[PDB]
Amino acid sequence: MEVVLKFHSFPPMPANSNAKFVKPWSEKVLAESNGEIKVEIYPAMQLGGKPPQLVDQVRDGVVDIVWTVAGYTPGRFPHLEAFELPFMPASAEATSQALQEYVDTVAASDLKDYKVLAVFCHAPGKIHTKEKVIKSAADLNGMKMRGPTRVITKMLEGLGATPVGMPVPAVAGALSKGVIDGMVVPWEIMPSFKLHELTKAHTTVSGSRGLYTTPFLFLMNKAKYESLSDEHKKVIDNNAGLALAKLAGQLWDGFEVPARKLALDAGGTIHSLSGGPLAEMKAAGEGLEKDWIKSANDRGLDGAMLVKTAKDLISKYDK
């Protein structure tokens, strides 16, 4: 029997998460169910609401599937904050597998009200400004810098910037209107919003750990999943879990390449921190890590254990 699943997300249709992740995912699900499981894709919040509401919509069955950024709803998924800490991430391939095993084990309570398809992340984000090259933390002093989540905006404050939080569709307008001077994002999301034309100076870090990442949630309504036939359940589950997280991370590592090329072809510079400037950023990061452990403790979680577990899972998959 045929079944229609409503997918909802915030980026426009050409963004990688839609065109190069959810669309081919839905095509595989269609092929492997012999045309029976039909995902209808609604990008750009085309079923109503604002990006932070995607988790409520999928939890309550307003829609059947969403892709979103966990930290767009602050405090709702506290375990996952550990993966947002400064200099936590390796490749998206390694860090996404770590995220999924984390969610399958010690962080499972965060997502108990949902059917998890995968939890994964982008390649470590970069620092973008209109024109000023960021050579060290001091260059961020007085700069109004966007981050995706409260953890990441606190990283930015710890580096000396004036933090501003917002979902990514708001960034281009905030840049054009002077609300922000720059932002952190991975390369891959930028062309969908013309962000590589609005910022020409870009900074990354050298070494084995990137600046930050933020967890993505790819989720299905639990009641809808439970209503599927055993046969349809197996198609979904064959396209879910650790193998999907790994594939997603591999995809997101690759997405950086064409997007970086667009940004440099548009006249951008890319500078990589090392040495003293990098060490200074990492030392600042350690402070936010310590503060996060306290914050996790105060919310009833073993912050120190969670940070160790995250780090050990990232190294486990860093092959």
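One-based numbering along the sequence shown.
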query	finding
Residue range whose averaged C-alpha B-factor is higher in the record, 213-221 or 150-158	150-158
Average Cα temperature factor in the PDB entry - higher stretch of 175-183, 74-82	175-183
Identity of residue with top Cα B-factor, from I270, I41, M45, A31	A31
Residue of maximum C-alpha B factor among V205, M145, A90, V133, per deposited coordinates	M145
Relative C-alpha B-factor of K194, binned into the chain's lowest, middle or highest third	middle
Ranked C-alpha temperature factor of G300 among modelled chain residues, by third	highest
Assigned third (lowest, middle, highest) for the C-alpha B factor of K261	middle
Within-chain third of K50 by Cα B-factor, per the entry	lowest
Third of the chain, ranked by Cα B-factor, where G125 sits	lowest
